Each structure stands twice: as structure tokens, then as C-alpha cells.
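Please read the structure below before turning to the comments.
What is reported rests on the model, the rules as stated and the sources as named; these are not laboratory values. When we count neighbours, we look across all protein chains shown, and the Cβ atoms used for this are built from the backbone with ideal geometry, even at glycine.
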Amino acid sequence: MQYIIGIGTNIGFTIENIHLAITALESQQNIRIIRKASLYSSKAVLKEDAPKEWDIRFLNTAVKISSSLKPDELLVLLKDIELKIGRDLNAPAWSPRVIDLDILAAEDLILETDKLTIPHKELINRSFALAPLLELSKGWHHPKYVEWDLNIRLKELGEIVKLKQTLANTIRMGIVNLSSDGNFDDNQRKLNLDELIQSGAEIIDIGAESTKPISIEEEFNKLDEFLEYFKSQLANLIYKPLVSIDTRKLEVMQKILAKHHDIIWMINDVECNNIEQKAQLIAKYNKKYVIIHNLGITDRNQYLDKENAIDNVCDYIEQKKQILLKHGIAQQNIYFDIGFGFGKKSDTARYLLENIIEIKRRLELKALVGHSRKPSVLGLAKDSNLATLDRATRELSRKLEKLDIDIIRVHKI
Ligand SMILES: CC1(C)Nc2nc(N)[nH]c(=O)c2N=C1C(=O)NCC(=O)NCCS(=O)(=O)C[C@H]1O[C@@H](n2cnc3c(N)ncnc32)[C@H](O)[C@@H]1O
């Protein structure tokens, strides 16, 4: 029995909620995932006088599955999954929700009961459901209305953006470096935020440290400021990216989490000093954390050669990993990062990159790869122009995506 399952969310970490739903389905032995749709963005469809608090942009998709679950049984499952993910199914109708799962279609089945109607009653009135459905089943008609060309119907409905964010194994982390103002204007950091979201960044990495020593106060205030602006723009954003804080200072981590933990997904450490206190902090806030190989080598003669680089990298990260684990932190919440720009010779960086899969395998941690615009990693001349850097970055990005590298950190998508 094939089904299309509609998935929607407009609260919490949106792409994560969707992924959790799909994983929960895929975990069932009596369900087979046939295909996942693209990601679609739309304004909350609301009743005419609903509180503006409910007006938060949606992320929608659908998945096609095969199952031995009969329709009523599958509905029970869907509710069970919404519950576990954290939805309040007695909450007011039309209100925001962490996850929503419905049966959009079941081939040409027509089922009409009070408790369950298939196809879903509103399928042909909702672009955020009909779009992903049509993406998955190209020639599909509502079985009651076989004469109705739903491609034209979808066009009539409009009001839907097909995002460039995807549900792929590899997510793109767009770089928001807050370290070009004019007489009356300083929104370049905002204009670049849009460029990232539009081009498909699933995550954004916000940092105020430069790659000149800057105070805790300055760093924090720069972060705090962008995050206040992010918050003011949240509800209308066509896609709400996961947020990573890019910093090496414990105090900054603490202050910023204390104030904005609700909207932060990940801490991306630039230098894993005081791993013990940081571990305690990651445990307290339950965020993702990225271990980087940055030993703070200041002498170029002492940079890592390639022949022992894999042992040097893994030994160090493993040691930091175990400390995190010993603080109760779930291994699945920890990522590693080679840190190409730190303490490594050119051929070493290139070498660590070529052997990235071996490293992930040995570390048993997911990988964050920061290759963007690094000549050494890209196998390019250091004095290469921005154009040749981004073209080499995109090509490498394609290869890492195919390798199912977990996160790639890039200046542009
Ligand atoms: C809030 C609203 C209208 N706006 C939206 N705007 C955008 N852009 N995107 C959205 O995804 C979106 N979703 C919306 C919305 O309310 N969606 C539906 C929702 O939450 N429903 C929960 C309340 S409920 O149906 O009574 C649940 C109940 O509906 C029943 N039901 C009947 N047919 C069903 C089917 N085919 N699949 C699943 N359940 C079925 C089932 O008994 C369930 O308990």
C-alpha cells in the first residue's frame, strides 16, 4: 500500500523537525521510504482573525512510502510520531506546531470517514501539500476528480516557494562573518543573510572573530546584535536556518547561550581550549558541538606534515571527544572539523581532505568540512582570484555532497 505523507512545521528548528519525522517513519520495519520531496515555504494559512502570533512561515514537504499499515493504523502511527516529536494535539487549531503529519493520498483510494478522509479534504486547496505531492507522483489525479489537471490547479493556488534548501545528507553552513557601512546604512550583513537563505543554506554560522585581538564584550555584542535582528525577522523569513555560533571563547559561549539558547542549534568551536568547562556548557544547553583540530601552533616550522597527520588529528579529537562523552553528551551531537587553516602545511591540508572518509570512520563522528576559498585545500595557487576560489569551492562541494559529508561550510552556495 503506497501513501503520500504530508509534513509541515512552523516552530522550533524547522528542517530538523522535518528530518525527525522522516527518520521516525523510516525506523519502522513495516514502512519503506520510496522518495522524499523538495522543501517548500509558504505563509501560514490562517483563519481571518487569528492572533498574529500564529503568523509564522511554514516549511512543508511530503514523502512517498510503501507500507503494510492500513490507513487507520498508519494514522495512529502518525499521531504517535507527532507526539514523540513534541506536538500538543489538543492545542488550538490553526496554531503553530513543531510537526504535523497527514495522509495526503493513498494511490487512487477514496476513504470518507469522520476520523479519516483520503485524499485529505484540502489537498486540492493547499499548494504546500499539492506541490510536494505532484513532485512525487507526476501523473496523479484526485480519484474523485480524474478529469482535473492538478498541474493547472497548483498554478491557480500559487503562493508557494520551492526552496533550494534540501533534505539531503549534506547540509550547507553559510558563513556570516560579522567582523562596509555607509553614512546612513549598515545592512550589508542583512543583505548577505538573504543571499544565503535564498541560495539554499540550511544552516548559518555566525562569528565575530577574524581569520587583531577583540574583547569578550565586543564579540558578544556583535553576536547578540545579529541575533536580535534574526529574532525580529524570524516569522517572515522564507526559511529559518539552523544557527551555529562560531567562537573559541568559553565566556562568549556562556553569555550568548544564556541569552539566545532558544534559537541556537550548534556551537562551532574555533579552538578547543578548556574543553572541560565547554563540555559542561554543551551538556547544560543540549546543543550540537564541533571539535576542531586547532592546537594553536604559532611557529610555521612546527606545522603538521602529512605522513603522521591522520594520527595527529584523530588522537587530538578523540581525546576531546572522550571528555565530551564523559559529561553525558550524546556522541550523535558532536561533529569534527579538520581545521585546514590551522597549523597544517599545504600538502597536509590537501592530504587530510583526500582522506576525509577514513577520518570520519575512525573518529565515528560526523564531519564539518570548511574548504571554502582555501587555496591549499582546493589545490589552487594561494594568490588565486575570488572567482577561481568560488568555482573550485563549488566543484569540491559537489564531491563532498556525493560523499555524504555531513556539513560543508561555504561562503556561497
Ligand atoms: C494551520 C494550517 C491550516 N495552515 C498551514 N499553512 C501552511 N503554510 N502549511 C501548513 O502545513 C498548514 N497546516 C495547517 C493545518 O492546520 N494543517 C492540518 C493540521 O494541523 N491538522 C491537525 C488537526 S486535525 O486535521 O483536525 C487532525 C485530525 O484530522 C483527522 N484527519 C482526517 N483526514 C486526515 C488525513 N488524511 N490525514 C491526517 N489526519 C486526518 C484525524 O482524525 C486527525 O486526528
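A compact table of results
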{"read-out": "Residues of region 1-19 satisfying the condition of being under 19 Å from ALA131 (Cβ atoms) and of a type in the set (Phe, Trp, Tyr)", "value": "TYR3"}
{"read-out": "Test for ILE118: is it within 9 Å of the ligand (Cβ to nearest atom) and in contact with a helix residue (DSSP H, G or I) (Cβ under 8 Å, 6 or more places away or on another chain)", "value": "yes"}
{"read-out": "From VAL377, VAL369, residue being within 17 Å of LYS402 (Cα to Cα) and assigned by CATH to the domain that holds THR170", "value": "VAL369"}
{"read-out": "Filter pass, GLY200 being of a type outside the set (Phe, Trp, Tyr) and farther than 29 Å from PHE58 by Cβ", "value": "no"}
{"read-out": "Condition met for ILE65 (out of contact with any helix residue (DSSP H, G or I) (no Cβ under 6 Å at 6 or more places or on another chain), buried (at least 20 other Cβ atoms within 10 Å of the Cβ) and among the hydrophobic types (A, V, I, L, M, F, W, C))", "value": "yes"}
{"read-out": "Selection within region 322-337 - under 20 Å from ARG409 (Cβ atoms) and of a type in the set (D, E, K, R)", "value": "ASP337"}
{"read-out": "Residue list for region 258-276, filter: more than 18 Å from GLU218 (Cβ to Cβ) and not acidic (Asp, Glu)", "value": "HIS261, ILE263, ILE264, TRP265, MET266, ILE267, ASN268, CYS272, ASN273, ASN274, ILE275"}
{"read-out": "Region 336-351, subset within 25 Å of the chain's Cα centre (by Cα) and surrounded by 20 or more Cβ atoms within 10 Å (Cβ to Cβ), residue nearest to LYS284 (Cα to Cα)", "value": "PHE336"}
{"read-out": "Selection status of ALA131, among the aliphatic types (A, V, I, L, M), under 22 Å from the mean Cα position of the chain (by Cα) and either more than 30 Å from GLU225 (Cβ to Cβ) or outside the structural domain of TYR239 (by CATH) (or both)", "value": "yes"}
{"read-out": "Set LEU295, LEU380: member being part of a loop (DSSP other than H, G, I, E, B) and farther than 28 Å from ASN169 by Cβ", "value": "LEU295"}
{"read-out": "Strands (runs of 3 or more DSSP E) wholly inside region 13-115 that include at least 3 residues being more than 10 Å from the ligand (Cβ to nearest atom) and over 23 Å from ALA235 (Cα atoms)", "value": "31-36, 58-67"}
{"read-out": "Count of region 1-12 residues which are more than 20 Å from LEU154 (Cβ to Cβ), in a strand (DSSP E or B) and among the hydrophobic types (A, V, I, L, M, F, W, C)", "value": "0"}
{"read-out": "Pick from region 123-140, criterion in a loop (DSSP other than H, G, I, E, B) and surrounded by 14 or more Cβ atoms within 10 Å (Cβ to Cβ), ranking: nearest to the ligand (Cβ to nearest atom)", "value": "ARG126"}
{"read-out": "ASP269 among the charged types (D, E, K, R), assigned by CATH to the domain that holds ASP205 and crowded, with 21+ Cβ neighbours inside 10 Å", "value": "yes"}
